[PDB]
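Close look at the chain arrangement
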Amino acid sequence: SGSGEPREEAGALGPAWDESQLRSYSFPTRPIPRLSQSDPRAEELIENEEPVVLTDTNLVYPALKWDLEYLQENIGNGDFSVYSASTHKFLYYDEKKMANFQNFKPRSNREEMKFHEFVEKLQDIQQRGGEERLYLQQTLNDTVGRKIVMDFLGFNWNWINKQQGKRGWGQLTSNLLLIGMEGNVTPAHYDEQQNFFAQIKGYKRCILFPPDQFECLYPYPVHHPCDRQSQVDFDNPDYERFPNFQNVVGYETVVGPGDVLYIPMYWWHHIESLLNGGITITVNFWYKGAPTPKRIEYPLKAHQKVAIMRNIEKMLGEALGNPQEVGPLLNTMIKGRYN
Ligand SMILES: O=C(O)CNC(=O)c1c(O)n(OCC2CC2)c2ccccc2c1=O
Ligand SMILES: [Zn+2]
């Protein structure tokens, strides 16, 4: 039990969720702390780059009223990236890297459309009873209607801007809106930026793994379109190819409306929209991490070693003139020499 006992909602409305809405996996977890932003422990966790769920930021307070109808009326007439998938797992592909690996075609199609088309496409699926799932993921721009601009202005910019200043982070790079169907799964991956994951509607089970568990999670090659994702099928883990997955230990939480999960830079995260929980809405805030310090302190952090491993794969990819020779060169380098 990583998320703990399901939290009770105000007004004696009882269980927000129950454990049968969670998917079953083979690894143990422990709870990410649920704290208040006023708690000095929450401050220590963020500076030390450990995950924390803040319960009372009011970061996206004006957005707590968002649903499909309100958004459809006010978000405007931009294009929204909608990812499709025949299964519940939404594996993403770097379309630019799809050239290096000709021997693969994607399984989660992206399709640009207008917001009203996505809403029509969604309740079509619920009435046809079909198995197809959709996931709208669109960076917020200024092509957005007046009432949503007002809501944006209503975010707690005082709090998050001071968090950016106190941690030495870079600038805010994007505000990703995510709207998803129940049961949708974003499979385990890590990002290179600091993330405040602000939950708006519905419930999302977030399972995180620290950077020192690189060896248990087996990311794709840097040049692979699925760069930064685990190769391990959490529903059917191949212990023969991925034996250290038997040693993986996660940090787990379930975020609901009003909650803000800090996902530290380089922390693995597996996110799922709770089964039979309806649609989920999230806004993400991405900050570039703080610049690498003056004097390098040893021993290195785990995330610096990941960054080192990424640079070696990149450097080899361009030195050899072909990303596909990285593998054989690296094996030639270690076989009988370092293993
Ligand atoms: O689904 C959830 O609740 C959590 N989603 C994520 O964590 C998530 C992510 O971090 N990235 O990388 C973006 C970084 C480059 C700026 C993606 C990229 C392409 C397509 C999908 C995603 C994605 O879903
Ligand atoms: Zn991510």
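Residues numbered from 1 in each chain as written, not as in the entry; some residues may be left out. Chains lettered and ligands numbered in written order. Heavy atoms only, no water. Residues with missing side-chain atoms left out of burial classes, pairs and counts.

**A short note on the pattern of salt bridges**
Taken as a whole, this structure holds 18 salt bridges when the rule is applied. Between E95 and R110 there is a salt bridge; the shortest N-O distance is 3.2 Å. Here the residue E95 occupies a position in the loop between β6 (80-85) and β7 (110-113), and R110 occupies one in strand β7, the gap between them amounting to 15 residues. Each of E43, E47, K166 and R167 takes part in salt bridges that share partners, so that together they form one network. (Salt bridge = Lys/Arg side-chain N within 4 Å of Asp/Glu carboxyl O. Helix = DSSP H or I, 4+ residues; strand = E, 2+ residues; numbered from the N terminus.)

**Focus: unusual backbone geometry**
Omega for the peptide link from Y298 to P299 comes to 5°, which places this bond in the cis form. Within the secondary structure, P299 is located in the loop between β16 (280-287) and α7 (302-319). The phi angle at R228 is positive, at roughly 90°, despite the residue not being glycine. Its location among the elements puts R228 in the loop between α6 (214-217) and β13 (250-255). Even without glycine at this site, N276 takes up a positive phi of about 55°.

**Re a nonpolar patch on the surface**
Taken together, the side chains of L320, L329, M333, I334 and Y338 present a nonpolar region at the surface, about 440 Å² in accessible area. Residue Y338 is classed as exposed on the basis of its relative accessible area, which comes to 66%. (Patch = residues over 30% accessible without salt bridge, like charges linked within 9 Å, V, L, I, M, F, W, Y side chains within 5 Å. Areas by Shrake-Rupley, 256 points an atom, 1.4 Å probe, with all protein chains shown as cover. Buried < 20%, exposed > 50% of the residue type's maximum accessible area, 1.4 Å probe, protein only.)

Honestly, that's just the spatial picture; any functional story needs more than this.
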